[PDB]
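Novice: Below: one structure in structure tokens.
Methodologically, a virtual Cβ is constructed for each residue, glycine included, from the backbone with ideal geometry; neighbour enumeration extends over all protein chains shown. No lab work stands behind these numbers, since they all come straight from the coordinates.
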Amino acid sequence: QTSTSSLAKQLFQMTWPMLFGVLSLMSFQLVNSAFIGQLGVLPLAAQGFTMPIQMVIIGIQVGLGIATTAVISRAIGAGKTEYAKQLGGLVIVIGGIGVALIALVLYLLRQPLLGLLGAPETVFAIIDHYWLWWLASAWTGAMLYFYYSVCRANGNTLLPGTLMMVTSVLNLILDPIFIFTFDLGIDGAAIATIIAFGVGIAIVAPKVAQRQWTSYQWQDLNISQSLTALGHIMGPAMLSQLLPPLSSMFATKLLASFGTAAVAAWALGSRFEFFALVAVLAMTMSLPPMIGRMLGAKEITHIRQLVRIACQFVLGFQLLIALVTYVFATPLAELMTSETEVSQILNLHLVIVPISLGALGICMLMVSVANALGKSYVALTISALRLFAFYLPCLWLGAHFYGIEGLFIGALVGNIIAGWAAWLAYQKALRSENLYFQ
């Protein structure tokens, strides 16, 4: 009886610092957009065309972290102590060089990239000097995140969780000082980020080295086999990241047919989703290290128990959020926007979609769990199935025959099927190979 209780408590202590960390980031990024917005239309338009490349940088970013968490934590479970810290140092290296190359390429090809996005001619002039500072903030942020991945892989989410809160507060304070006081404008937004993340790096890196989680003594390390182990998970994981923006991207091509108010409501509605799913998002970062470590230690019974405990939480916890959002949908929508036409559409989104978020959370959880078991291709399938087989077809059918209301209903049944399909893929993955014999 203690076994279930012990696992449930281990999961909670592992997840709650990740949760407060995730909440800190999204909170600041909202306040940061308000700060940039006070500069003018053209600056805010410049930040708008930067988000596409950000989601790609972040896509590559967490793709490596997922591989890092899975490969390293499993080595610890197997008792491969030295191999675990050598990999830690290897991740920091390939992440540092790889992201530096992307950032270098992105800046050189800015003029064509903004062409495919079709930006105003004035926005080009802002990007020329903003992306220099911003891509530097992107590299710095990726590095800090890589240190976090090494911490989580060693069973520590408290330290990255704590530093995410510290890095957000510092970023919040430096924002008005560098943007307005020092009068740097939009550049001050990126500069405030480099310093906030740099200070985060200054704290975590000595701590990680102190516990010998990173090593650069690669004298007895098979580089090619180690890069194969990482790349095996990293490969499909990045592709899995390229799909969720396409869920909201392709949805805005459909949206434009119903006016400028339907689009604005969906931007707000989908923004609510991320906050309504922070618990699952945090669990996506705390569950893989536990699973990966147990897989190496052949604790297969506890893996099944933990995943089911985590599944029961997500299903029940998102049911409550759905219920709360349901009864308070009208004042919530009117609080999120003062545009009456936008509020009414958003009102409909908050009583239809949120009840499906428990199913979508399961889908998210299975993708992260599948990756932790080394099943990166099983994970990619679930992601691709969710997007092209269920979500997009259901959105389009509802939008074609029933308009904005049908589109929301489509999102509902699309998430329910996805989550139920994600669970079955998981069950099938356990029967494909006996985990007791690797």
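Novice: Among the listed residues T284, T228, which satisfies the condition of being β-branched (V, I, T) and within 28 Å of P17 (Cα to Cα)?
Specialist: Details: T228 fails: within 28 Å of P17 (Cα to Cα).
None of the other options fit; the residue is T284.
Novice: Let me ask you something else. At least 3 residues that are surrounded by 17 or more Cβ atoms within 10 Å (Cβ to Cβ) and of a type in the set (A, V, I, L, M) in each: list the helices (runs of 4 or more DSSP H) lying fully within the range 1-111 that qualify. So that I can check it myself, show each step before the final result.
Specialist: Numbers: elements: 2-37, 41-48, 51-77, 81-108.
In the range 1-111, 2-37, 51-77, 81-108 are the helices (runs of 4 or more DSSP H) which contain 3 or more residues that are surrounded by 17 or more Cβ atoms within 10 Å (Cβ to Cβ) and of a type in the set (A, V, I, L, M).
Novice: If the Cβ limit is 8 Å and pairs must be 6+ apart or interchain, which residue in the range 86-113 that is under 25 Å from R74 (Cα atoms) pairs with which residue that is in a loop (DSSP other than H, G, I, E, B) and of a type in the set (F, W, Y)?
Specialist: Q86/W218; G88/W213; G89/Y216; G89/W218; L90/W218
Novice: Within the range 363-384, identify whether any single residue is outside any helix (DSSP H, G or I), at positive phi and either of a type in the set (V, I, T) or in contact (Cβ under 8 Å) with a residue 40 or more places away in the chain (or both), and answer yes or no.
Specialist: Just the residues of the range 363-384 that are outside any helix (DSSP H, G or I), to begin with: 373-375.
So of that shortlist, the ones also at positive phi come out as 374.
Going one step further and asking which of them are either of a type in the set (V, I, T) or in contact (Cβ under 8 Å) with a residue 40 or more places away in the chain (or both), we end up with 374.
Scanning the range 363-384, I find at least one residue that is outside any helix (DSSP H, G or I), at positive phi and either of a type in the set (V, I, T) or in contact (Cβ under 8 Å) with a residue 40 or more places away in the chain (or both), so the answer is yes.
Novice: What's the number of the condition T284 fails, among (1) of a type outside the set (A, V, I, L, M, F, W, C); (2) closer than 30 Å to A333 by Cβ; (3) surrounded by fewer than 17 Cβ atoms within 10 Å (Cβ to Cβ); (4) touching a residue at least 40 places away in the same chain (Cβ under 8 Å)?
Specialist: Result: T284 fails condition (3) only.
Novice: Looking at (1) surrounded by 14 or more Cβ atoms within 10 Å (Cβ to Cβ); (2) closer than 30 Å to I352 by Cβ, which one does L221 not meet, given that it meets all the others?
Specialist: Failing condition for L221: (2).
Novice: List every residue pair whose Cβ atoms lie under 8 Å apart, where the two residues are 6 or more positions apart in sequence or sit on different chains, the first residue falls within the range 325-353 and is closer than 24 Å to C394 by Cα, and the second residue, located anywhere, is among the hydroxyl-bearing types (S, T, Y).
Specialist: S343/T337; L346/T337; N347/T330; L350/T325; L350/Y326; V351/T325; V351/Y326
Novice: Condition test on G410, is it within 24 Å of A265 (Cβ to Cβ), buried (at least 22 other Cβ atoms within 10 Å of the Cβ) and among the small types (G, A, S)?
Specialist: Here the answer is yes, as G410 does meet what is asked.
Novice: Given the options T193, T181, name the one that is without any contact (Cβ under 8 Å) to a residue 60 or more places away in the chain and under 17 Å from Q61 (Cα atoms).
Specialist: On the way: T181 fails: under 17 Å from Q61 (Cα atoms).
So the residue among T193, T181 that is without any contact (Cβ under 8 Å) to a residue 60 or more places away in the chain and under 17 Å from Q61 (Cα atoms) is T193.
Novice: Restrict the check to the range 325-346 and report whether at least one residue is more than 26 Å from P245 (Cα to Cα), under 24 Å from the mean Cα position of the chain (by Cα) and among the hydrophobic types (A, V, I, L, M, F, W, C).
Specialist: The answer is no; no qualifying residue exists.
Novice: Does any residue of the range 204-219 turn out to be within 23 Å of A279 (Cβ to Cβ), outside any helix (DSSP H, G or I) and either among the aliphatic types (A, V, I, L, M) or in contact with a helix residue (DSSP H, G or I) (Cβ under 9 Å, 6 or more places away or on another chain) (or both)?
Specialist: Filtering the range 204-219 for residues within 23 Å of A279 (Cβ to Cβ) gives none.
No: the range 204-219 contains no residue that is within 23 Å of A279 (Cβ to Cβ), outside any helix (DSSP H, G or I) and either among the aliphatic types (A, V, I, L, M) or in contact with a helix residue (DSSP H, G or I) (Cβ under 9 Å, 6 or more places away or on another chain) (or both).
Novice: Identify the single condition in (1) out of contact with any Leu (no Cβ under 8 Å at 6 or more places or on another chain); (2) charged (D, E, K, R); (3) touching a residue at least 12 places away in the same chain (Cβ under 8 Å); (4) closer than 29 Å to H400 by Cα that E273 does not satisfy, given that it satisfies every other one.
Specialist: Every condition holds for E273 apart from (1).
Novice: Follow-up. Return the total of residues in the range 297-339 being of a type in the set (S, T, Y) and in a helix (DSSP H, G or I).
Specialist: Here is the first cut: in the range 297-339, the residues of a type in the set (S, T, Y) are 301, 325-326, 330, 337-338.
Okay, now just the ones that are also in a helix (DSSP H, G or I), so 301, 325-326, 330.
Within the range 297-339, residues that are of a type in the set (S, T, Y) and in a helix (DSSP H, G or I) number 4.
Novice: Would you say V280 is in contact with a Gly (Cβ under 6 Å, 6 or more places away or on another chain) and assigned to a helix (DSSP H, G or I)?
Specialist: On the way: in contact with a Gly (Cβ under 6 Å, 6 or more places away or on another chain): yes; assigned to a helix (DSSP H, G or I): yes.
In short, yes.
Novice: Return the residue satisfying two criteria in turn: it lies in the range 176-187 and is in a helix (DSSP H, G or I) and either hydrophobic (A, V, I, L, M, F, W, C) or touching a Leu at 6+ places or on another chain (Cβ under 8 Å) (or both), and of such residues it is farthest from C151 (Cα to Cα).
Specialist: Keep residues of the range 176-187 that are in a helix (DSSP H, G or I), which gives 176-181, 187.
Then drop every residue that is not either hydrophobic (A, V, I, L, M, F, W, C) or touching a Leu at 6+ places or on another chain (Cβ under 8 Å) (or both), which leaves 177-180.
Details: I177: 32, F178: 31, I179: 33, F180: 36 Å.
Of everything passing the filter in the range 176-187, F180 is farthest from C151 (Cα to Cα).
Novice: Determine, yes or no, whether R74 is in contact (Cβ under 8 Å) with a residue 24 or more places away in the chain and of a type in the set (D, E, K, R).
Specialist: Working: in contact (Cβ under 8 Å) with a residue 24 or more places away in the chain: yes; of a type in the set (D, E, K, R): yes.
Criteria met by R74.
Novice: When you scan the range 388-398, do you find a residue that is crowded, with 24+ Cβ neighbours inside 10 Å and either touching a residue at least 60 places away in the same chain (Cβ under 8 Å) or part of a loop (DSSP other than H, G, I, E, B) (or both), even just one?
Specialist: The answer is yes, given that some residue of the range 388-398 is crowded, with 24+ Cβ neighbours inside 10 Å and either touching a residue at least 60 places away in the same chain (Cβ under 8 Å) or part of a loop (DSSP other than H, G, I, E, B) (or both).
Novice: Which ones in the range 68-87 are among the charged types (D, E, K, R) and either closer than 14 Å to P288 by Cβ or in contact with a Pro (Cβ under 6 Å, 6 or more places away or on another chain) (or both)? Let's see the steps before the verdict.
Specialist: At the first step, the residues of the range 68-87 found to be among the charged types (D, E, K, R) are 74, 80, 82, 85.
Within the range 68-87, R74 is the sole residue that qualifies.
Results for (1) in contact (Cβ under 8 Å) with a residue 12 or more places away in the chain; (2) of a type in the set (A, V, I, L, M, F, W, C); (3) buried (at least 19 other Cβ atoms within 10 Å of the Cβ); (4) in contact with a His (Cβ under 7 Å, 6 or more places away or on another chain), shown as yes or no for each residue.
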| position | (1), (2), (3), (4) |
| --- | --- |
| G235 | yes, no, no, no |
| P245 | yes, no, no, no |
| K253 | no, no, no, no |
| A262 | yes, yes, yes, no |
| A297 | yes, yes, no, no |
| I303 | yes, yes, yes, no |
| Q312 | no, no, no, no |
| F317 | yes, yes, no, no |
